[PDB]
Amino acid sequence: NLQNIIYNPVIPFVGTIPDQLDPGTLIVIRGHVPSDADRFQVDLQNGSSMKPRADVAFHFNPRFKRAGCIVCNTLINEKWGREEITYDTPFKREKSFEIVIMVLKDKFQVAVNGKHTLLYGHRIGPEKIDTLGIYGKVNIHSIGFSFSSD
């Protein structure tokens, strides 16, 4: 069911998601963390506005300092909510990954390299998400979608 919208995108990458993130939709991101990365993020956005900054329904932000972590949050009207921090991170500098974001009715469920990583409850209805941004120090081989409407 997987339709990649792009291979080997230049980062930063911002792309329109070509259908609605209905429950059962998968977002699949394959890539590699450079040796010098401090952080990168996958943002599921309401639009692509830079000024002012588009709302981010789902900010998925691996951080590499110390023992590393993943920060998840929501940006509404240019303000970050309560940080959801996962200390058990599968990401490492100079290692490849596959991220699978599963869009469920009430939350995202994220697996990396085929291992469950975290949950994140919807704070913005996922129907308002139309854009995917990838920012920071990360190399991306592919971004695709398996839409539950197909």
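The numbering used is simple: start at 1 and walk along the sequence shown.
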With reference to the PDB entry, specify whether the mean Cα temperature factor is higher for 46 to 54 or for 114 to 122.
-> 46 to 54
The stretch whose C-alpha atoms carry the larger average B-factor in the entry, 103 to 111 or 62 to 70, is 62 to 70
What third of its chain's C-alpha B-factors does residue 15 belong to: lowest, middle or highest?
-> middle
Assigned third (lowest, middle, highest) for the C-alpha B factor of residue 96 = highest
Based on the entry's values, in what third of the chain does the Cα temperature factor of residue 6 lie: lowest, middle or highest?
-> middle
Going by the recorded CA B-factors, say which third of the chain residue 41 sits in, lowest, middle or highest.
-> lowest
